[PDB]
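**Q**
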Amino acid sequence: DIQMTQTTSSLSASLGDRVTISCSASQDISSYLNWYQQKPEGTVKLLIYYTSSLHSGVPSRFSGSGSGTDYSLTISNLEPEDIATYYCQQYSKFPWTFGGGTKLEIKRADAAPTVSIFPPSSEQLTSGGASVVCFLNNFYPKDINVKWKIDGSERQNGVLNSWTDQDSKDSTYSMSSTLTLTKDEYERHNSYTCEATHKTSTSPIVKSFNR
Amino acid sequence: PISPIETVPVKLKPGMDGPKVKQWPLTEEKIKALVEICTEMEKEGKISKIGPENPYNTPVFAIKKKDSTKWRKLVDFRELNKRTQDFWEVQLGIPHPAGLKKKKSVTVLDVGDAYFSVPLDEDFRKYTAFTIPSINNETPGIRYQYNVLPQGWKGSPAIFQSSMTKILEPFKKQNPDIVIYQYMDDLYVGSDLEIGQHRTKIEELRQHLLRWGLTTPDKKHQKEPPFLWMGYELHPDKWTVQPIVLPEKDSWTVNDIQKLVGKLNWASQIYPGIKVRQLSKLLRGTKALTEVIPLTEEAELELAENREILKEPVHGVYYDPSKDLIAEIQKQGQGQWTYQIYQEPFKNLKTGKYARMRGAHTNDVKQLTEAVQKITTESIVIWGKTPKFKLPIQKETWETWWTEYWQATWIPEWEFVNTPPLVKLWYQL
Amino acid sequence: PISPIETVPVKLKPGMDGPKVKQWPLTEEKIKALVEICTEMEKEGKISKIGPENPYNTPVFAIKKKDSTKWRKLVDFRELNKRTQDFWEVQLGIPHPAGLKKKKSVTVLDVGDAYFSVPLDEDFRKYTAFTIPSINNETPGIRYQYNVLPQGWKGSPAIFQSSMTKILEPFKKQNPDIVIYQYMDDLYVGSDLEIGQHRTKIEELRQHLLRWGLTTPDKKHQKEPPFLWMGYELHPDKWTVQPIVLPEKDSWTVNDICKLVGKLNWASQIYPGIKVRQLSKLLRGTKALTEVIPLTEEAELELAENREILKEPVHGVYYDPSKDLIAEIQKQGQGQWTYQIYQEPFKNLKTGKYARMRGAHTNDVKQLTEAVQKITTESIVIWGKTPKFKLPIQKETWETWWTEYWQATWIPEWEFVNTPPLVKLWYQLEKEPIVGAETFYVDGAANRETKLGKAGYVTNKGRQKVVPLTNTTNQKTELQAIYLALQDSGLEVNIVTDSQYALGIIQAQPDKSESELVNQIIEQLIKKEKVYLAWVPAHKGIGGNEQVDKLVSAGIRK
Amino acid sequence: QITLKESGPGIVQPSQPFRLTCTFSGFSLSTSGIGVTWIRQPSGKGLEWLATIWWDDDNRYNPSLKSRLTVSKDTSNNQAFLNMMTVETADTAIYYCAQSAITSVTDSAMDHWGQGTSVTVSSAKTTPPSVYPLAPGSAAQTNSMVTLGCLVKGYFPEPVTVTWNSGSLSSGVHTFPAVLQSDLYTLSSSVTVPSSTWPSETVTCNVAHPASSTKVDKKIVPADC
DNA sequence: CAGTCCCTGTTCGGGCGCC
DNA sequence: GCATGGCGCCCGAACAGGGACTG
Ligand SMILES: [Mg+2]
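Chains as they are written, first to last, in PDB author numbering: chain L, 1 to 211; chain B, 1 to 429; chain A, 1 to 558; chain H, 1 to 225.
1) Residue 223(B) touches chain L at which residues, Cβ-Cβ below 8 angstroms?
2) Please go through the same chain and pick out, in chain order, the residues whose beta-carbon is closer than 8 angstroms to the beta-carbon of residue 314(B), but skip the five residues on each side of it.
3) What's the C-alpha gap between residue 119(B) and residue 8(B)?
4) Please identify the residue among 282(A), 295(A), 385(A) and 356(A) whose C-alpha is closest to the C-alpha of residue 324(A).
5) Excluding the 5 residues preceding and the 5 following residue 76(L) in the sequence, name in chain order all residues of the same chain whose CB lies nearer than 8 angstroms to its CB.
6) Mind listing the chain A neighbours of residue 25(B)? Cutoff is C-beta to C-beta under 8 angstroms, in chain order.
7) For chain L, find out if any of its Cβ atoms is closer than 8 angstroms to the Cβ of residue 144(H); answer yes or no.
8) State the Cα-Cα distance for the pair residue 390(B) and residue 417(B), rounded to the nearest angstrom.
9) Within the present structure, is the beta-carbon of residue 498(A) separated from the nearest heavy atom of ligand 1 by less than 7 angstroms?
10) I'd like the list of long-range same chain contacts for residue 134(H), defined as Cβ closer than 8 angstroms, with 5 residues on each side in sequence excluded.
11) Say yes only if the C-beta of residue 445(A) is nearer than 7 angstroms to one or more non-hydrogen atoms of ligand 1, and no if none qualify.
12) Residues of chain B with CB closer than 8 angstroms to the CB of residue 94(A), please, in chain order.
13) Could you spell out the range, first to last residue, of the alpha helix (DSSP H) harbouring residue 382(A)?
14) Could you compute how far the alpha carbon of residue 172(L) sits from the alpha carbon of residue 2(L)?
15) For residue 100(L) and residue 143(H), what's the separation of their Cα atoms in angstroms?
16) Is the CB-CB distance between residue 127(A) and residue 19(A) below 8 angstroms?
17) 8 angstroms is my cut-off, CB to CB: does residue 113(H) come that close to chain L?
18) For residue 370(A) and chain B, any beta-carbon pair shorter than 8 angstroms?
19) Between residue 538(A) and ligand 1, is there a pair consisting of the residue's CB and a ligand heavy atom that are separated by less than 7 angstroms?
20) Does residue 264(B) pass the burial test, meaning 16 or more other C-beta atoms within 10 Å, or should it be called exposed?
21) Contact defined as beta carbons within less than 8 angstroms: I believe residue 389(A) pairs with residue 372(A). What is the distance between those atoms, to the nearest angstrom?
22) For the structure I just gave you, are there three or more beta carbon pairs, one from the region 170-180 of chain A and one from the region 195-210 of chain A, closer than 8 angstroms?
23) Please determine, among 77(H), 88(H), 113(H) and 122(H), the residue with the shortest C-alpha to C-alpha distance to residue 182(H).
24) Does the beta carbon of residue 57(H) come closer than 8 angstroms to any beta carbon on chain B?
25) Pull up the DSSP beta-bridge partners for residue 544(A), would you.
26) Residue 159(A) by DSSP, collapsed to three states: which one?
27) Find out if the Cβ-Cβ distance for the pair residue 569(A), residue 269(A) is shorter than 8 angstroms.
28) Of all Cβ atoms in chain B, is any one closer than 8 angstroms to the Cβ of residue 94(H)?
29) Where do the N-terminal and C-terminal ends of the alpha helix (DSSP H) with residue 163(B) fall, by residue?
30) Is it buried or exposed, residue 77(B), if we count other Cβ atoms within 10 angstroms and call 16 or more buried?
31) Taking the C-alpha atoms as reference points, what is the distance between residue 107(L) and residue 41(L)?
32) In whole angstroms, what is the alpha-carbon distance linking residue 23(A) and residue 154(A)?
33) I'd like to know whether the C-beta of residue 174(H) is nearer than 8 angstroms to at least one C-beta of chain L.
34) Can you find a CB in chain B that lies within less than 8 angstroms of the CB of residue 67(A)?
35) Return the CA-CA distance between residue 323(B) and residue 369(B), expressed in angstroms with no decimal places.
36) With a Cβ-Cβ cutoff of 8 angstroms, do residue 124(H) and residue 157(H) count as a contact?
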């Protein structure tokens, strides 16, 4: 139960850069730390073992170090693969432990959430239900935020969300969000609003409609 | 009465009586242990209680082996071992594996118990008597003596030698590549296979043994950090000689010139091709020390020349298995130690430098012992004999804790020396 | 009653034969006296009447105790002992109260007719033979042989011990939670039982020895603290050493001193810090034994401080397992040291003093090293555990010592107690030749056949010196040179010798010695403010060597 | 040449046991340093340590789940197993079995990993999804870009194969990861085409759900009012 | 080198103390 | 012609081994 901590959760950089990630412990683990690379796919590889030794067949642009309680990994000069999640494992004493991982992303000139709200498809309502999809696409960075308002009145029941991963091509994020109400309740109102608060416009980008 | 076999007679060197050594203080932890392991030894009757009437003695103490976390009684049969010797070295000496040293990985098995199954000579038993201390001297000592071949007595392996050559005959004919050597309570097994295979082939020999009564200790490998158990094996390769080297300055002060004159002088005893005249002339008259000196083309000529002579094996050295063995250890500093093993003065047979085990705890005592042990082990493998040790420490101190850090079935013979830093003869840089 | 215990077999020293020593005539009074007692013993089975074939005999006379004016049979077994095999003595050190644990109930016993109760090996008795002469020239005396451990015989002690031990063995394993401190014919039995179940046990034990020949007379301590054990007094909560009435006589002779000094030591165990080195040297030198001796004041000072401490009585405490042990060392006079082993703030378990100076050229870390070394062992023996130390020496001082010393060494877990006089190295050689100082080239020599020789230096500037010496040898002189250079020189200087001997002696950072020369060479080093010595192989022709060599080679043969 | 492959039931009912199998090759579980380890990874969260089986059988368990775990092997078949008793939704995750090995006096690491098995706990009964189109209205259509969406609601278990115009469309498509709603999966995708194309040129949602052996297409007809 | 001498360390003897 | 045995202490003598000088 040696807590391993990686304070730096989501870190964005750019090709050619040089980065360093921090893995702290809870007690002098005498350099018994290992470093793991988990690509978006899912495979997990061994980068460094014994806080500073490189695993066979690993780019020389890889090195990490530390001592006692503070340890850090430093990727020389970024390549397009390196952009992935990283984990450090403490093997100084069972139970073994890993950090909370550090997602290494890619910096891309900010962009605004191209919003789009939708009515409860007939067929859906035909069966006795009503959802209200609202796509917030290709925005940057990830830190966005949705708000639902029915007839000006805010709603929290039935609000589901889903965040996509950084698109490896245009480095952006998208985010579906659905409002699930009953049929009768859908037919018990008129206005449904989707407000997207991004770090771009002081004013929440809004898109709405009325049955 | 463990065995039908006929007891072989042992008669100590003429004009010498049995051992009469005193019993040194023992710490509870060791007593408690020593008691138990002795009791259950008496039951099965490998040992017997005895009283004042037996005028001999020997000391015992025990060590909680880190090898297996199981205590091991230890009897210092050095005197006795000494007092009896036409026996084991002459009459029944156990040959040496020229190539045991030539293997890549070699492990040691504590084949001690293999002895508790041979009756010890009827008469020769008074000699192995030993005693057990009593905390605060609550009660007298508890004395005992051996009835079967005792552990740690040069005689045992010799006597058992026969029943052992047999036990190994199969395993050796079905694994010719492996080499096996026995030195007292141990079995030196060495192979050329990957460490992974060796590790196995050993653990396989363990069976062939058990299939024969010989129970060998159970070593433990922990999954936590310092994988000490990774060292269990020995590797007769990272065993490099340690030649002497002459410094390397750009500008040589007076001071610096003498140093190099001395060393070069001392070494002259080792290798005769060391000349100093043409190089010492540079110091002709009573001058300050701190005074820089320009190395003459006739000087720097032999400096870098003499050094050329300090990079190879000595002037035709030979090891005579008939002579004894000596080893010296000089505290070099900051955990480093050095040693030379010679039979004759200045005709070193081996020079080296025991670096340090990360578990030195900044304790010279602890380090020294480890160096002794280490050095010793090398000797057994290499020449198959234990060297007498000139221990760079004060008896009174070494006698106070050498046991605490000790971890061997045997014990080498030693003496003390307060010989100051002659010359950095055995190089530190 | 005699014991049903097996009889330990004893042989005579290899190749020897029994003692056949003539009896001296005695008075009708003495004889008819011996007969009384010797008869009684014969009835009690203690001895038997032997036949005429027994050729052995040992002298036996009699003596009266001025008190009751009764008589006793003393046998001079002197010769037998010269012929009795050697035993491996089992008693190995006297137990100490410090090692006792606080027990609820305690009892102390003593066995009667200890020796006279253990059988003597059948095949040996014949050697215990002895004659009790007849009143006159008549028929030979009465012949007697011993059947039990004869008092005054070599094996007697050790044999009766094993007997008492083998006898107790059953009882112990039966009640493994009762401690029985046995010493000779005395037993300290204690346990954490109620005064009832305990008493019911002691009894259970007395019957046992009784059933085994060991009579446990009514001279045993029960519910009677103080318990008079091993020369002490045991109190439920504490323990004191039985009063020490030191001889305070008017006329002092060497002998009477030993009776004091010794006792003093005996007191050194509980009485905090005791100096005796003072009046110790009063015995030094090849002296007599009855010869009178003057009471020096330096020595009269030890008695003063000592008698003072002995005035106010103290007390020691029992040991507590859980609470680890602490040993505090103190610095005293030159050579002396003191220590208090304890567990709680100021509850002394035991105290003592170290004085032995190992070697000639020593210093003060060494002594402390040695001090700790000894203390440890002494603890191992008493509590079987190594103690935690508190020493008058700063981590710094230590850390420098060993890291430099070429001799390996160490000290167990300890802390530094700030309480002078503190211990530290008084001087320290240099690692590199210093600049701004003459580089003296010392040397010296002598002739064994003459007992004379000279010794002096030759600085780099030209300076010289060559004092002559009488009755000294090389080692002396080459040591002597190094002395000059440490008078005839500044607060900084370099030196050069060809003697490892002198060289080593110095490097060791000596802070005291037996010889004054070196004590003085010590004094120079502490005085100055920067020294550095180097070595060179004499007779090799090295630089500034030849100079002084020749300069002192005046008389190098014949 | 070393490889490991996790085997399993991928889907287990609550309070039932499941037994993962690590079939490896390239090393034996007999050779001294070797061992096999079982790492877990819930949906989205970080890595966890389950247990490690060693050659000497001195296995170690994550103190948090020793009561429900149990490791073992079959050295001859090069397989390694991990059994979990009384599982809970919280156990739904991807399990990795990696080849662990102690190299020297200081180095011990999970040198090679597997791809993992997706084990999910859910009383749910394999049910196909119901698809619904997404066409904008009350904001009719722009001489620019329009975004059409598709909704896949209430199916079990994962996953689903969604495409636009039977593979024809694929540049501005966004299929979002599903979520649980009343112990049932739901998800949507949003494709974006220039107005010059839709409605002009039909646009259809391709939804496939292996498990239920169902395939269904939905035509995105523009909003009526 | 063989023969001796110096010097330092260690062991053992003697007396007392205590049992 | 007065313990036997053990440990401690203090002292001095015989003894051992290593280095150095002498012919
Ligand atoms: Mg000289």
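No residue lacks a Cβ here, since even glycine has one placed at the ideal position from N, Cα and C.
**A** So, to answer that:
1) 94
2) 270, 271, 347 and 348
3) 9 angstroms
4) 385(A)
5) 18, 59, 60, 61, 62 and 63
6) 377, 380 and 381
7) no
8) 6 angstroms
9) yes
10) 148, 149, 150, 151, 188, 190 and 220
11) yes
12) 137
13) 365-383
14) 36 angstroms
15) 47 angstroms
16) yes
17) yes
18) yes
19) yes
20) buried
21) 6 angstroms
22) yes
23) 122(H)
24) no
25) In DSSP, residue 544(A) forms no bridge with anything.
26) helix
27) No answer is possible for residue 569(A): it lies beyond the span of chain A, which begins at 1 and ends at 558.
28) no
29) 155-173
30) buried
31) 20 angstroms
32) 21 angstroms
33) yes
34) no
35) 24 angstroms
36) yes
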